[PDB]
């Protein structure tokens, strides 16, 4: 993909502010809550019996931040995502067999979460920049199926 000089600006700045801990937890939680079927891939996390029972789960919260800091490597070299996630695509594709449709799903929630934490600093241009990032990442994860 091609990244305009501002797109990078927009992304790396916001990155510096992001609390991967809170955002990451908030996101993985919401994914499990809104799209229930995703719970299947996290049977190893014990209780997911209820929404509120999920916000608290520390395994959810832990993995949440782990997933989010991966984007840290994306922002690292926005012109090398494919190669930096091949191994990541490999397990999600050949191992877990996650349907690419869920990558899209998570990416969307992630956007909403950022919008709630940076309020008015999450400008339309900014939203678009992350939308793009989120998709170019999922395309790097998918790919392994083609």
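Numbering follows the first chain given and starts at 1.
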Mean C-alpha B factor from the entry: is it higher for 86-94 or for 36-44? 86-94
If you average the CA temperature factors over each stretch, which comes out higher, 7-15 or 125-133? 7-15
Residue with highest C-alpha B-factor in the PDB entry, from 106, 68, 115, 55: 55
Going by the CA temperature factor in the PDB record, which third of the chain does residue 78 belong to: lowest, middle or highest? highest
When the modelled residues of the chain are sorted by Cα temperature factor, does residue 59 land in the lowest, middle or highest third? highest
